[PDB]
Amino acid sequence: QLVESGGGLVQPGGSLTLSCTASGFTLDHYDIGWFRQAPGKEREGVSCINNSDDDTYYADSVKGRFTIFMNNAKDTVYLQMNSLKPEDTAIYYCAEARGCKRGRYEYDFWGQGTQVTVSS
């Protein structure tokens, strides 16, 4: 049971910080993935934090621009998005992604996600 926020309208080159929260409940016991679904495109994995092996994964398209992390609270998983591009325009969702396994499509999405729009 995860809840996304932090979306909005941003100019190309700009920055947003998304959040994924389970409200006091501690997420550091789970592996969490960020996903997005853009218009005309299929659902895609963006980033994943592996809390069992203390590791992080990124799609080739966002490498070096996006960072996934938690703070001390440990109840929220953040997605820092830098140098945003139009191709990043999408609804962003989080979900449990055990082991951040790269070849999986089906996840349990309980959130409404949060919309990110990148335009001039």
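Sequential numbering from 1, following the sequence displayed.
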Average Cα temperature factor in the PDB entry - higher stretch of 46-54, 63-71: 46-54
Mean temperature factor over C-alpha atoms, higher-scoring stretch between 98-106 and 14-22: 98-106
Relative C-alpha B-factor of residue 36, binned into the chain's lowest, middle or highest third: lowest
Ranked against its chain, the third holding the CA B-factor of residue 1: highest
Ranked against its chain, the third holding the CA B-factor of residue 114: lowest
